[PDB]
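Asks: Could you have a look at this structure, given as structure tokens, before my questions?
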Amino acid sequence: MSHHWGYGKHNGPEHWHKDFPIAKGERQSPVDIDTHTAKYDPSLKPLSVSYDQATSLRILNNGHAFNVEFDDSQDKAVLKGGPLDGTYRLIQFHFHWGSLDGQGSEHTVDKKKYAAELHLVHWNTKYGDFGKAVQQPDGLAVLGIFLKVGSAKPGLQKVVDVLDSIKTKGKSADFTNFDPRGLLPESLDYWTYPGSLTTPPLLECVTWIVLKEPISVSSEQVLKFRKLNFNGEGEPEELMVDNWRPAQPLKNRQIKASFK
Ligand SMILES: NS(=O)(=O)c1ccc(C(=O)Cn2cnc3ccccc32)cc1
Ligand SMILES: [Zn+2]
């Protein structure tokens with residue numbers, strides 16, 4: 001039923017459970033990361049992020065966010081190591097962000113909300129494609145990276161500058177040769193836990209890997225995110241803001257830390 005849901009009073013996160021009852025499941029995302037109770041796990045490995053051959057193809061306003069899509073038909077941009085068994089291939093990235101700098105992230109850190117959160121979505125190659133992977137408990141690995149407002153992120157500007165061409169729902173643009181290495185912080189220290197997609201269909205198929213170090217973006221860069229629209233061309237303007245799901249109950253889960 002993946003239309004009719006969105007980020008408002010009458011169709012936002014508190015209503016999703018009527019169409020998608022797994023919304024109240026046992027391993028929903030995002031969560032608050034309580035840094036004091038996350039366990040350092042010396043068995044966790046460094047994360048291996050291998051994006052040197054990533055081939056972006058296109059950027060799309062899907063009406064909830066915008067997606068930068070990658071050709072995932074070959075063995076190219078891969079996440080492995082960390083808490084993962086096997087290899088996961090990059091399919092898309094997107095962001096969640098606020099109406100104001102004080103909110104926007106989906107995960108929180110000791111209840112702190114960041115201005116935005118980047119999700120690099122990868123599927124486990126043992127399942128052959130994304131659509132089969134999402135039906136499995138180890139099907140996806142999502143690398144989450146917080147954004148704070150400060151210095152500009154130069155590697156983000158090619159994204160920001162294309163947004164006026166995909167202002168409205170359903171618009172796409174060639175978006176080739178974008179290098180997602182330019183969106184990564186210096187450290188790959190992370191927290192990890194088992195969870196879910198944060199939008200409908202809310203499937204419980206994700207190993208979450210959330211980096212501790214945020215990236216900085218400028219006020220001007222996030223302001224351009226907030227000029228996007230959730231409506232389609234020729235409809236009344238609803239700014240694309242506050243496209244985040246709040247933290248969900250941790251229930252029977254442990255968050256592990258790769259560090260300290
Ligand atoms: N925010 S997040 O990183 O957790 C996230 C990642 C991916 C998606 C989709 O692919 C949603 N979606 C879009 N089409 C789909 C077909 C099958 C299953 C899911 C599908 C939704 C949320
Ligand atoms: Zn997301």
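This entry, so its header tells us, was determined using X-ray crystallography, 1.1 Å.
Backbone N, Cα and C atoms are what each Cβ position is placed from, and that goes for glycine too.
As listed in Swiss-Prot for this protein:
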type    : residues             : note
BINDING : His94, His96, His119 : Zn(2+) binding site
DOMAIN  : 3-259                : domain 'Alpha-carbonic anhydrase'
MOD_RES : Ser2                 : N-acetylserine
SITE    : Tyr7                 : site 'Fine-tunes the proton-transfer properties of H-64'
SITE    : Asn62                : site 'Fine-tunes the proton-transfer properties of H-64'
SITE    : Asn67                : site 'Fine-tunes the proton-transfer properties of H-64'
Asks: How far is it from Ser2 (N-acetylserine) to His94 (Zn(2+) binding site), counting Cα to Cα, in Å?
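Replies: Just about 17 Å between their Cα atoms.
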Asks: Please classify the secondary structure at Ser2 (N-acetylserine) using three-state DSSP.
Replies: coil
Asks: How many neighbouring Cβ atoms, not counting its own, are there within 10 Å of the Cβ of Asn67 (site 'Fine-tunes the proton-transfer properties of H-64')?
Replies: 21
Asks: For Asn62 (site 'Fine-tunes the proton-transfer properties of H-64'), write down the residues of its own chain that are at least 6 apart in sequence and whose Cβ falls under 8 Å from its Cβ; none is a fine answer.
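Replies: Same-chain residues close to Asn62 (site 'Fine-tunes the proton-transfer properties of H-64') (Cβ under 8 Å, separated by 6 or more) are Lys169, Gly170.
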Asks: Quick check for the class: what is the C-alpha distance, in angstrom and rounded, between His96 (Zn(2+) binding site) and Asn67 (site 'Fine-tunes the proton-transfer properties of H-64')?
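Replies: Between the Cα atoms of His96 (Zn(2+) binding site) and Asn67 (site 'Fine-tunes the proton-transfer properties of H-64'), the distance comes to 11 Å.
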Asks: Which recorded positions from the set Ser2, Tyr7, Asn62, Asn67 have a C-beta atom lying less than 6 Å away from ligand 2?
Replies: none
Asks: Which of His94, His96, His119 (the binding-site residues) has the most other Cβ atoms within 10 Å?
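Replies: The residue with the densest Cβ neighbourhood is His96.
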Asks: At the Cα level, what's the spacing in Å between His94 (Zn(2+) binding site) and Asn67 (site 'Fine-tunes the proton-transfer properties of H-64'), rounded?
Replies: 5
Asks: Work through the recorded positions one by one (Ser2, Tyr7) and point out the residue whose CB has the fewest other CB atoms within 10 angstroms.
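Replies: Looking at the recorded positions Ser2, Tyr7, the Cβ with the fewest others within 10 Å is that of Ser2.
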Asks: Three states by DSSP: which one describes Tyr7 (site 'Fine-tunes the proton-transfer properties of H-64')?
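Replies: DSSP call for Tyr7 (site 'Fine-tunes the proton-transfer properties of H-64'): coil, neither helix nor strand.
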Asks: Select, from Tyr7, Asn62, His96, each of the recorded positions with a Cβ positioned under 6 A from at least one atom of ligand 1; if none does, say none.
Replies: none
Asks: Under a three-state reduction of DSSP output, how is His96 (Zn(2+) binding site) classified: helix, strand, or coil?
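Replies: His96 (Zn(2+) binding site) sits in a strand per DSSP.
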